[PDB]
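entry-v8.cif follows; it contains mmCIF, C-alpha atoms.
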data_model
#
loop_
_atom_site.label_atom_id
_atom_site.label_comp_id
_atom_site.auth_asym_id
_atom_site.auth_seq_id
_atom_site.Cartn_x
_atom_site.Cartn_y
_atom_site.Cartn_z
CA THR C 3940 151.29 253.99 143.71
CA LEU C 3941 153.42 253.39 146.80
CA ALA C 3942 155.63 250.34 147.35
CA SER C 3943 156.60 250.06 151.02
CA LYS C 3944 159.18 247.65 152.43
CA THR C 3945 160.30 248.07 156.04
CA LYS C 3946 162.34 245.98 158.48
CA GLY C 3947 162.70 246.88 162.14
CA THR C 3948 164.93 244.79 164.40
CA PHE C 3949 165.67 245.34 168.08
CA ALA C 3950 168.31 243.37 169.98
CA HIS C 3951 168.79 243.23 173.74
CA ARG C 3952 169.41 240.71 176.52
CA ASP C 3953 166.03 239.00 177.05
CA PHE C 3954 164.38 239.02 173.60
CA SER C 3955 164.72 240.11 169.99
CA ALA C 3956 162.11 241.88 167.87
CA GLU C 3957 162.02 241.37 164.10
CA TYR C 3958 159.22 243.02 162.11
CA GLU C 3959 159.24 242.76 158.31
CA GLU C 3960 156.45 244.45 156.36
CA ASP C 3961 155.94 244.63 152.62
CA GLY C 3962 153.04 246.05 150.69
CA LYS C 3963 151.64 248.35 148.05
CA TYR C 3964 149.22 251.25 148.34
CA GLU C 3965 146.88 252.89 145.83
CA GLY C 3966 143.81 255.09 146.06
CA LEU C 3967 142.70 256.10 149.54
CA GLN C 3968 142.31 252.67 151.17
CA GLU C 3969 143.76 250.33 148.52
CA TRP C 3970 146.52 248.74 150.56
CA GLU C 3971 147.65 245.17 149.90
CA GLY C 3972 150.50 243.25 151.47
CA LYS C 3973 151.89 241.24 154.36
CA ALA C 3974 153.43 241.97 157.74
CA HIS C 3975 155.27 239.42 159.88
CA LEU C 3976 156.48 240.23 163.39
CA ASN C 3977 158.53 237.78 165.47
CA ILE C 3978 159.40 238.40 169.12
CA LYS C 3979 161.81 235.92 170.68
CA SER C 3980 162.04 236.29 174.46
CA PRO C 3981 164.36 233.86 176.26
CA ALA C 3982 162.81 235.12 179.50
CA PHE C 3983 159.24 234.60 178.26
CA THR C 3984 157.20 232.83 175.59
CA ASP C 3985 157.87 233.95 172.03
CA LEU C 3986 155.24 235.21 169.60
CA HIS C 3987 154.78 235.46 165.83
CA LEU C 3988 152.01 237.54 164.24
CA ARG C 3989 151.30 237.37 160.51
CA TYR C 3990 148.99 239.86 158.78
CA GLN C 3991 147.84 239.39 155.19
CA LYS C 3992 145.62 241.69 153.12
CA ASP C 3993 144.63 240.97 149.52
CA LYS C 3994 141.65 242.18 147.52
CA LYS C 3995 139.66 239.03 148.40
CA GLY C 3996 140.78 238.38 151.95
CA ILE C 3997 142.23 239.75 155.19
CA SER C 3998 143.76 237.03 157.36
CA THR C 3999 145.61 237.80 160.58
CA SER C 4000 146.95 235.13 162.93
CA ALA C 4001 149.13 235.38 166.04
CA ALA C 4002 150.84 232.22 167.28
CA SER C 4003 152.24 232.02 170.82
CA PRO C 4004 153.28 228.77 172.54
CA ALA C 4005 151.64 229.86 175.81
CA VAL C 4006 148.13 230.64 174.53
CA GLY C 4007 147.88 228.99 171.12
CA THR C 4008 146.98 230.66 167.82
CA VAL C 4009 144.37 233.42 167.62
CA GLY C 4010 143.27 234.27 164.10
CA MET C 4011 140.63 236.25 162.26
CA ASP C 4012 139.80 236.01 158.56
CA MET C 4013 137.56 238.40 156.63
CA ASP C 4014 136.32 237.64 153.10
CA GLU C 4015 134.24 240.35 151.42
CA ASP C 4016 132.33 239.66 148.22
CA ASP C 4017 129.35 241.17 146.43
CA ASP C 4018 127.24 238.07 147.16
CA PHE C 4019 128.60 236.98 150.56
CA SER C 4020 130.55 238.32 153.52
CA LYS C 4021 132.33 235.89 155.85
CA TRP C 4022 134.01 236.84 159.13
CA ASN C 4023 135.71 234.14 161.21
CA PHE C 4024 137.38 234.51 164.61
CA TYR C 4025 139.10 231.35 165.82
CA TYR C 4026 141.36 230.30 168.69
CA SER C 4027 143.33 227.14 167.98
CA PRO C 4028 144.50 225.72 171.34
CA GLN C 4029 148.19 224.99 171.67
CA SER C 4030 147.34 221.41 172.68
CA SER C 4031 145.57 220.72 169.36
CA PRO C 4032 146.96 223.08 166.69
CA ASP C 4033 145.32 220.98 163.96
CA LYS C 4034 141.81 222.15 164.88
CA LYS C 4035 140.61 225.76 164.79
CA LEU C 4036 137.95 226.37 167.43
CA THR C 4037 135.87 229.08 165.79
CA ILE C 4038 135.33 231.59 168.58
CA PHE C 4039 132.74 233.41 166.46
CA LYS C 4040 131.46 233.30 162.89
CA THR C 4041 129.41 235.78 160.86
CA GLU C 4042 127.74 235.19 157.48
CA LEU C 4043 126.05 237.95 155.49
CA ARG C 4044 124.19 236.59 152.46
CA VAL C 4045 122.27 238.57 149.86
CA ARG C 4046 119.51 237.02 147.77
CA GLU C 4047 119.55 237.49 144.01
CA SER C 4048 115.85 236.54 143.97
CA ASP C 4049 113.14 238.58 145.74
CA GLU C 4050 114.24 240.96 148.54
CA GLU C 4051 115.73 238.95 151.40
CA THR C 4052 118.95 238.99 153.39
CA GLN C 4053 120.34 236.25 155.62
CA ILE C 4054 122.50 236.95 158.67
CA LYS C 4055 124.00 233.97 160.50
CA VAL C 4056 125.97 234.40 163.72
CA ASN C 4057 127.56 231.37 165.38
CA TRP C 4058 129.31 231.12 168.74
CA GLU C 4059 131.05 228.17 170.39
CA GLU C 4060 130.80 227.50 174.12
CA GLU C 4061 133.56 224.88 173.92
CA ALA C 4062 136.01 227.35 172.37
CA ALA C 4063 135.17 230.00 174.98
CA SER C 4064 135.56 227.63 177.93
CA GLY C 4065 138.79 226.23 176.49
CA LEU C 4066 140.24 229.71 176.11
CA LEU C 4067 139.14 230.50 179.67
CA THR C 4068 140.97 227.40 180.92
CA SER C 4069 144.03 228.34 178.86
CA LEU C 4070 144.08 231.82 180.40
CA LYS C 4071 143.58 230.59 183.97
CA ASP C 4072 146.43 228.11 183.46
CA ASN C 4073 148.69 230.74 181.88
CA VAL C 4074 148.13 233.02 184.89
CA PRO C 4075 150.41 230.91 187.17
CA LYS C 4076 152.84 230.52 184.26
CA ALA C 4077 153.03 234.29 183.85
CA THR C 4078 153.41 234.70 187.62
CA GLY C 4079 156.27 232.21 187.75
CA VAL C 4080 158.13 233.60 184.75
CA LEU C 4081 157.78 237.17 186.05
CA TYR C 4082 158.96 236.18 189.54
CA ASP C 4083 161.98 234.38 188.09
CA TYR C 4084 162.62 237.38 185.84
CA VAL C 4085 162.64 239.84 188.74
CA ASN C 4086 164.85 237.49 190.77
CA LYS C 4087 167.23 237.27 187.80
CA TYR C 4088 167.46 241.05 187.66
CA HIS C 4089 167.99 241.17 191.42
CA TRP C 4090 170.93 238.80 190.98
CA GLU C 4091 172.18 240.88 188.06
CA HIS C 4092 172.22 244.08 190.12
CA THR C 4093 173.11 242.88 193.62
CA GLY C 4094 173.46 239.11 193.36
CA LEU C 4095 170.64 238.39 195.77
CA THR C 4096 167.07 237.09 196.01
CA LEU C 4097 163.84 238.63 197.27
CA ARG C 4098 163.26 236.52 200.38
CA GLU C 4099 166.79 237.37 201.48
CA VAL C 4100 165.80 241.03 201.06
CA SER C 4101 162.87 240.37 203.39
CA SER C 4102 165.19 238.71 205.92
CA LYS C 4103 167.75 241.52 205.63
CA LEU C 4104 165.07 244.14 206.21
CA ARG C 4105 163.79 242.19 209.22
CA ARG C 4106 167.24 241.88 210.77
CA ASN C 4107 168.04 245.56 210.17
CA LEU C 4108 164.72 246.63 211.71
CA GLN C 4109 165.42 244.36 214.68
CA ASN C 4110 168.90 245.87 215.10
CA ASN C 4111 167.47 249.39 215.05
CA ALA C 4112 164.69 248.44 217.48
CA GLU C 4113 167.23 246.93 219.87
CA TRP C 4114 169.37 250.06 219.58
CA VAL C 4115 166.32 252.12 220.54
CA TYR C 4116 165.53 249.72 223.39
CA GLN C 4117 169.04 249.88 224.86
CA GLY C 4118 169.04 253.65 224.42
CA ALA C 4119 165.83 253.87 226.43
CA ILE C 4120 167.22 251.62 229.17
CA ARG C 4121 170.48 253.56 229.49
CA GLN C 4122 168.55 256.84 229.47
CA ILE C 4123 166.36 255.63 232.35
CA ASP C 4124 169.49 254.58 234.24
CA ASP C 4125 171.20 257.93 233.57
CA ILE C 4126 168.20 260.03 234.62
CA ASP C 4127 167.75 257.98 237.79
CA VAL C 4128 171.45 258.36 238.62
CA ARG C 4129 171.47 262.12 238.04
CA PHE C 4130 168.25 262.50 240.05
CA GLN C 4131 169.89 260.65 242.95
CA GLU B 4516 141.52 232.63 194.24
CA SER B 4517 141.79 233.73 190.60
CA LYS B 4518 141.34 230.14 189.41
CA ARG B 4519 138.42 229.65 191.82
CA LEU B 4520 136.75 232.79 190.44
CA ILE B 4521 137.33 231.61 186.87
CA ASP B 4522 135.87 228.20 187.72
CA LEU B 4523 132.76 229.83 189.18
CA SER B 4524 132.52 232.11 186.13
CA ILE B 4525 132.69 229.19 183.68
CA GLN B 4526 130.09 227.32 185.75
CA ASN B 4527 127.71 230.29 185.84
CA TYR B 4528 128.19 231.04 182.14
CA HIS B 4529 127.44 227.48 181.07
CA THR B 4530 124.43 227.30 183.39
CA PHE B 4531 123.09 230.66 182.13
CA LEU B 4532 123.53 229.92 178.42
CA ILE B 4533 121.00 227.08 178.29
CA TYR B 4534 118.49 229.21 180.21
CA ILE B 4535 118.90 232.17 177.86
CA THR B 4536 118.67 229.93 174.78
CA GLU B 4537 115.41 228.52 176.15
CA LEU B 4538 114.15 232.05 176.82
CA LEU B 4539 115.07 233.16 173.29
CA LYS B 4540 113.23 230.22 171.75
CA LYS B 4541 110.16 230.81 173.93
CA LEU B 4542 110.11 234.51 173.01
CA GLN B 4543 110.50 233.77 169.29
CA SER B 4544 107.73 231.14 169.46
CA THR B 4545 105.22 233.97 169.79
CA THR B 4546 104.29 235.28 166.34
CA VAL B 4547 105.05 234.76 162.65
CA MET B 4548 105.45 237.99 160.68
CA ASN B 4549 107.14 238.74 157.34
CA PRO B 4550 110.66 238.56 158.85
CA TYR B 4551 111.75 235.12 160.03
CA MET B 4552 114.35 233.81 162.48
CA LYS B 4553 116.10 230.56 163.40
CA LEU B 4554 117.69 229.72 166.76
CA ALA B 4555 120.15 226.94 167.55
CA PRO B 4556 122.23 226.26 170.68
CA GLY B 4557 125.10 228.39 169.43
CA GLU B 4558 123.60 229.94 166.31
CA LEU B 4559 121.15 232.68 165.30
CA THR B 4560 119.97 233.33 161.74
CA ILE B 4561 117.68 236.18 160.67
CA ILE B 4562 116.00 236.59 157.27
CA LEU B 4563 114.83 239.99 156.04
#
If you took the structure in this file and wrote it as structure tokens, what would it be?
Amino acid sequence: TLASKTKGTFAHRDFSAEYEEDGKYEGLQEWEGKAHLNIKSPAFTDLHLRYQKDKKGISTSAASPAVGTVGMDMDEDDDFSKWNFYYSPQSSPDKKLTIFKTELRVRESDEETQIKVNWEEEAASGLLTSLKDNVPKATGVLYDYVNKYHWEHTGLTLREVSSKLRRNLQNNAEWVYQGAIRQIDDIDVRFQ
Amino acid sequence: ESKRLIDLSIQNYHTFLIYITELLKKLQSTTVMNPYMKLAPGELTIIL
């Protein structure tokens, strides 16, 4: 039997990663334990994923302030199998919009088997809206992040880089223009 | 443009889903053999 306990922590200037896992292992696939990872980005939205595996349930949920909480729970039993995939919106963390649900049921009488698959349109459309609203959020945070690094390295923005490139190109073009004019004057003079 | 595309996609998805649910029910309202099924607007159950 193996008893595994690991902790990995990374520290830098725009986040910190802290992953703690504990568990036990027997047989060939008899693993049981928990695993919690926490990323804390000052530059971005943080995230915390929790994985749990016990002999009568596998529950994994990731919580991020930007998206919400995406979880999936699997319960296996000799008479029923239940798979649930849910996305709790950040606006209403109390509710768990079941993205999809699967029920496998065996019948102790006769020879029948029930499969029940359920999907929610409301959950799907809500997640779509959450993603389309996080797109501008991601764009803004990434733009501010790259501007912050530009200030860190040079101390400057991006639009000023555009203006600097324009002015330098204009200076070079005017140098070429005056060179052409003086060359025409020189060749005319020497021809005369 | 991304949000416009996503709006059109949500619109088309929600307009398609009722049509396909109707089509599924019409197809399943054809015959009654030993296996049985149940359809709901967001659910499908099958019995062996």
Any chance you could resolve the PyMOL selection byres ((chain B) within 12 of (chain C)) against this file and give the residues as a VMD selection string?
-> chain B and resid 4516 to 4533 4549 to 4563
Specify as a PyMOL selection string each residue included when the PyMOL selection byres ((chain C and resi 4008-4017) around 10) is applied to this file.
-> chain C and resi 3986-4007+4018-4029+4032+4035-4045
What would the file look like if the residues just selected were written as an mmCIF file, keeping the file's coordinate frame with C-alpha atoms?
data_model
loop_
_atom_site.group_PDB
_atom_site.id
_atom_site.type_symbol
_atom_site.label_atom_id
_atom_site.label_comp_id
_atom_site.auth_asym_id
_atom_site.auth_seq_id
_atom_site.Cartn_x
_atom_site.Cartn_y
_atom_site.Cartn_z
ATOM 1 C CA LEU C 3986 155.240 235.210 169.600
ATOM 2 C CA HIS C 3987 154.780 235.460 165.830
ATOM 3 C CA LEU C 3988 152.010 237.540 164.240
ATOM 4 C CA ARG C 3989 151.300 237.370 160.510
ATOM 5 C CA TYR C 3990 148.990 239.860 158.780
ATOM 6 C CA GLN C 3991 147.840 239.390 155.190
ATOM 7 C CA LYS C 3992 145.620 241.690 153.120
ATOM 8 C CA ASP C 3993 144.630 240.970 149.520
ATOM 9 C CA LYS C 3994 141.650 242.180 147.520
ATOM 10 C CA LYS C 3995 139.660 239.030 148.400
ATOM 11 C CA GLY C 3996 140.780 238.380 151.950
ATOM 12 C CA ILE C 3997 142.230 239.750 155.190
ATOM 13 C CA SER C 3998 143.760 237.030 157.360
ATOM 14 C CA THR C 3999 145.610 237.800 160.580
ATOM 15 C CA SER C 4000 146.950 235.130 162.930
ATOM 16 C CA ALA C 4001 149.130 235.380 166.040
ATOM 17 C CA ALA C 4002 150.840 232.220 167.280
ATOM 18 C CA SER C 4003 152.240 232.020 170.820
ATOM 19 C CA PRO C 4004 153.280 228.770 172.540
ATOM 20 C CA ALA C 4005 151.640 229.860 175.810
ATOM 21 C CA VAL C 4006 148.130 230.640 174.530
ATOM 22 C CA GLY C 4007 147.880 228.990 171.120
ATOM 23 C CA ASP C 4018 127.240 238.070 147.160
ATOM 24 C CA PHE C 4019 128.600 236.980 150.560
ATOM 25 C CA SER C 4020 130.550 238.320 153.520
ATOM 26 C CA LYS C 4021 132.330 235.890 155.850
ATOM 27 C CA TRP C 4022 134.010 236.840 159.130
ATOM 28 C CA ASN C 4023 135.710 234.140 161.210
ATOM 29 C CA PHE C 4024 137.380 234.510 164.610
ATOM 30 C CA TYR C 4025 139.100 231.350 165.820
ATOM 31 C CA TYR C 4026 141.360 230.300 168.690
ATOM 32 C CA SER C 4027 143.330 227.140 167.980
ATOM 33 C CA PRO C 4028 144.500 225.720 171.340
ATOM 34 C CA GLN C 4029 148.190 224.990 171.670
ATOM 35 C CA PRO C 4032 146.960 223.080 166.690
ATOM 36 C CA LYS C 4035 140.610 225.760 164.790
ATOM 37 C CA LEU C 4036 137.950 226.370 167.430
ATOM 38 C CA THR C 4037 135.870 229.080 165.790
ATOM 39 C CA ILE C 4038 135.330 231.590 168.580
ATOM 40 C CA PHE C 4039 132.740 233.410 166.460
ATOM 41 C CA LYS C 4040 131.460 233.300 162.890
ATOM 42 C CA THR C 4041 129.410 235.780 160.860
ATOM 43 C CA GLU C 4042 127.740 235.190 157.480
ATOM 44 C CA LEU C 4043 126.050 237.950 155.490
ATOM 45 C CA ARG C 4044 124.190 236.590 152.460
ATOM 46 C CA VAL C 4045 122.270 238.570 149.860
#
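For the pair CA of residue 3979 (chain C) and CA of residue 3946 (chain C), the separation is 15.8 Å.
Reported to one decimal place, the separation of CA of residue 4078 (chain C) from CA of residue 3949 (chain C) is 25.4 Å.
Selection result for the displayed file, with the PyMOL selection byres ((chain C and resi 3947) around 12) as criterion, is residues 3944, 3945, 3946, 3948, 3949, 3950, 3955, 3956, 3957, 3958, 3959, 3960, 3961, 3974, 3975, 3976, 3977 and 3978 of chain C.
Interatomic distance, CA of residue 4103 (chain C) to CA of residue 4076 (chain C): 28.3 Å.
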